[PDB]
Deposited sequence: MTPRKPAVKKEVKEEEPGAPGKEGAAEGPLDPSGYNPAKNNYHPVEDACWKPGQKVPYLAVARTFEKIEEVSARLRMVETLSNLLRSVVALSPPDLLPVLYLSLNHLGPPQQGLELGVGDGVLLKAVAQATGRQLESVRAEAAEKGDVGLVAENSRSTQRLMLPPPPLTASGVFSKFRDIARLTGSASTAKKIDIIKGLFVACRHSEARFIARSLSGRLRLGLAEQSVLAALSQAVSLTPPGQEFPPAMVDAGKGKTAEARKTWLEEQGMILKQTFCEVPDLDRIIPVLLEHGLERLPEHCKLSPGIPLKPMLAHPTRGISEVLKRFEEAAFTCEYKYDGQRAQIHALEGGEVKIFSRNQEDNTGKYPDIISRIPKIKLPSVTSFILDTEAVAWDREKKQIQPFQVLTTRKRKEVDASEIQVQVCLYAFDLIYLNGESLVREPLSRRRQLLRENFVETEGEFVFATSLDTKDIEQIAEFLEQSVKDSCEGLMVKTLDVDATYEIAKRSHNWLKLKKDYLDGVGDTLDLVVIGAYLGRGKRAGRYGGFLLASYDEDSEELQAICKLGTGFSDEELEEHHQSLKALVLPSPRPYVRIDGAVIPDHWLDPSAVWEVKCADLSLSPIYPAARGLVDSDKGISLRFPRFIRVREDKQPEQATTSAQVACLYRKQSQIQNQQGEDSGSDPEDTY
């Protein structure tokens, strides 16, 4: 009985402690009971082990369900570059729920907002019990339902799913659709749990499996290490082929050990991008790399563009998330041929797309960049031109460069490509360990419009193996190598109820500057981070008192999300941020830099209260108007 299924048990025997029949279909209730047991717990290690247990039973018992089960725990419809979308929102989900509960949208709505978890507002001849595999496909059905009137159709399935739910199934199905599963394990851990499962109870065995715990006899530490070694195998592979549709069947078919031999990098499938650690300044950069020659480069403020040239001539570009941006970029593709040497048969390029002034001949702001149509490659309709900045070469003429040093890689890159100003050009690099030198670069970097500096090592810990270290590169961000970036004092003019972790307190706030010509507090931006847990809990108390049933006459939100609660304006906070932009939603300093747009803060973060300031001695609209003005 799956209602008693307990993947968190001790001496879990895959065959025995399973709660379905061999070769039969994995029950969702099993998947939910697992989710339950994981959430019961804090130890990531315990959580992975539990997930592992369901997994080992899936492998041993019902291999074809492994994929669905994985996707379910990952809460994803499928491969990134397939771009499936639930297309339910909160509100659709909401009405679905109210319908199924025989409640009214409001009561339901209220309860969800307050409890901060749709899953709880979520809980005759009921259908047969929900199958793990069935649930996923129903999800995939919802997603597929597009175009006109499709919403009611989407609602139909959800409600069905709900009426079908047997125990806690409801809440978990609710959260999934809500896009807020809250499991505590995502890609790494699920990857982890998969590796373990497949390592402890291998696929391929006639039933029942004569090898049920490959770890037996290993001491604990021993079993740990061994497990982590196996882990890296799967983990590095997914990295080059981050696509379960691909991995799993191969895994199941050849086992973890030989997985790599049968799953490789190939242009046309996106691979996971190398990431970056934030650095507190040159000091620490030199320390981290204090025994490793490194390079410096401009951190261009564009979007990342993985360029794939297939030997057959076609070419696909992917986002930081393996999303298919081919189509975004008709202009890029036609320019591909003049980008490479004749001998170059195939390549995978690491690049930033940047908004470009073919006229003024200069990098335009990232906002400019975001103005291009996403879908159509009506290549003539391109109002905003783009320039690619190259900085890495993953793969070249049949061969993967993944296991090569940045040195080798970059060299190959320069040696085989051909730049054209404002079209395609190598990132400005600098090779030093000189403190002042670096600082100089950093300033020139912002002086040529760049977030600042990337710092990468050249031949020490310097390959493209993300499984060893994703954030393997460092960024020096003007912010604190400056000393202290844009920072304002703003007035808290309303809270928003928080969810999940933020559940049951305030999740966020609405902040206003002070316009004195209007003599009113203009909502500037929302604020949702920077505070500690404690800090928050303290905030929740005081502000609680200040909740008013209406706004003050001097408060001006417009386009802004009506606070959940309106606060009595008194709290001034001190906020940092990376930049400024003309908001089409924010009144603060409207008319001052734009005739229409106000301005907001970019990457806003709470820093501390200024318990001396009153809201009128907050930061000022022309003060903001000032800051924005200085930006360019």
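Peer 1: Map the modelled residues onto the deposited sequence and report the uncovered stretches in sequence order.
Peer 2: In the chain as deposited, 1-30, 154-161, 671-688 carry no coordinates.
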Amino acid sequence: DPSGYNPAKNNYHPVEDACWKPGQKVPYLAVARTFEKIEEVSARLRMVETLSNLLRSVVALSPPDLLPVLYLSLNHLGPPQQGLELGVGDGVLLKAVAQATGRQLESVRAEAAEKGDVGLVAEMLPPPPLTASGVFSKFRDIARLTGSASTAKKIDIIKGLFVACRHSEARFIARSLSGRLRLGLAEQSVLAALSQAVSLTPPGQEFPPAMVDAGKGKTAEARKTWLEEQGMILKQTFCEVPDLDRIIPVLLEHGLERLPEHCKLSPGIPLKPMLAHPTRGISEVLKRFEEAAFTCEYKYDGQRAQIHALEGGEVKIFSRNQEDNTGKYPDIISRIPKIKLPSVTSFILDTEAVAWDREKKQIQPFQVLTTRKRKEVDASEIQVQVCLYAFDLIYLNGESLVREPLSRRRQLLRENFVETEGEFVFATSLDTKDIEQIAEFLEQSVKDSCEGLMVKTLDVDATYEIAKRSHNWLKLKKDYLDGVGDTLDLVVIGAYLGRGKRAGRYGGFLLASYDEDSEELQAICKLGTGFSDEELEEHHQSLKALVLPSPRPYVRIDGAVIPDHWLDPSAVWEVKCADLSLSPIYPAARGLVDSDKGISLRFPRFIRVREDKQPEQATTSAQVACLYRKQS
From here on, numbers count along this sequence of modelled residues.
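Peer 1: Comparing 222-230 with 175-183, which stretch shows the greater average C-alpha B-factor in the deposited entry?
Peer 2: The stretch with the larger average C-alpha B-factor is 175-183.
Peer 1: Compare the mean C-alpha B-factor of 371-379 with that of 341-349 as given in the PDB entry, and name the stretch with the higher value.
Peer 2: Of 341-349 and 371-379, the stretch with the higher C-alpha B-factor average is 371-379.
Peer 1: Go through 499, 216, 360, 254 one by one and give the residue whose Cα B-factor in the PDB entry is largest.
Peer 2: Within the set 499, 216, 360, 254, 360 shows the top C-alpha B-factor.
Peer 1: Which is it among 196, 487, 463, 407: the one with the largest CA B-factor in the entry?
Peer 2: Of the options given, 487 has the highest CA B-factor in the PDB entry.
Peer 1: Ranking the modelled residues of this chain by C-alpha B-factor as given in the entry, is residue 507 in the lowest, middle or highest third?
Peer 2: It belongs to the lowest third of the chain when residues are ordered by C-alpha B-factor.
Peer 1: Place residue 25 in the lowest, middle or highest third of its chain's C-alpha B-factors, as listed in the PDB entry.
Peer 2: Within its chain, residue 25 is a middle-third residue by C-alpha B-factor, going by the deposited values.
Peer 1: Based on the deposited C-alpha B factors for this chain, I'd like to know if residue 610 is in the lowest, middle or highest third.
Peer 2: According to the entry, residue 610 has a C-alpha B-factor in the chain's middle third.
Peer 1: Grab the CA temperature factor for residue 206 from the record and place it in the lowest, middle or highest third of its chain.
Peer 2: Residue 206: CA B-factor falls in the lowest third of its chain.
Peer 1: Based on the entry's values, in what third of the chain does the Cα temperature factor of residue 468 lie: lowest, middle or highest?
Peer 2: For residue 468, whose C-alpha B-factor we compare with every modelled residue in the chain, the answer is the highest third.
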